[PDB]
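First comes one chain, alone, set out as structure tokens in the form deposited in one PDB entry.
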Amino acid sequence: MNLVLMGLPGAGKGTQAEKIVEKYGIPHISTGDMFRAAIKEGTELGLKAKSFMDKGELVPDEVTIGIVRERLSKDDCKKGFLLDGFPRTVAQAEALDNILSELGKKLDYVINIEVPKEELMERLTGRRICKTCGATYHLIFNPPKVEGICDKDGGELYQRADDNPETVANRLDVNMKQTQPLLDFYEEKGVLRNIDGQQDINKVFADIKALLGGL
């Protein structure tokens, strides 16, 4: 089961990714998670990635492709994987095509979770994520069992530096700019499925399960 989740910041990819991996047991590969881990570790790569991430800009394709290639070479990806938030440029989708040629694999689906722009600000400003595993919550729409504490592992919940209204507006511009070229790319391959992300979390998941049951 070889999957991409795509969608604008705040659309629900992490949320759904968590549910997909619990149900099916494939690895969650999130480029955002990896970069935040790198910045927390203080790696050379993390410190270089921080400047883009703090501005809501994309990390260069070379760096991003490098981290994803390495992740995809691990044994846990041999029975499938979930890419969450990669690719985000047509160059990255082209790279992924080649990578997957080398791995003798193809994407089963690119799941595009569509949410109107106007709703994304509220999703992002109420978002809180776990320090220790990156689980995603929302203070209104999806709160933790206990305020400020992750359901899974008890980690502290925090507001991402980039989930402030100024940085969010730049993020939405930057990612929208890449969206139609990516939709067109995967529409041409015939693997793009659009999901209505303006539904109940569990309804959105129901729709994804309908796609995935076959693989």
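Just count from 1 along the sequence shown to find any residue number.
Stretches 39 to 47 and 170 to 178 differ in mean C-alpha B factor, with the higher average recorded for 39 to 47.
As listed in the deposited structure, the average C-alpha B-factor of 128 to 136 and of 74 to 82 is greater for 74 to 82. When the CA B factors of the chain's modelled residues are split into thirds, the value for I113 lands in the lowest one. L192 sits in the middle third of its chain by CA B factor, as recorded in the PDB entry. The entry lists a Cα temperature factor for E57 that places it in the lowest third of the chain's modelled residues. The entry lists a Cα temperature factor for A206 that places it in the highest third of the chain's modelled residues. Looking at the C-alpha B-factors along this chain, the one for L3 belongs to the middle third.
What comes next is about the form deposited in another entry, which is not displayed.
In a two-body description of the motion between this form and the one not shown, residues are grouped by which rigid part superposes their C-alpha better; on this basis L182 shares a group with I111.
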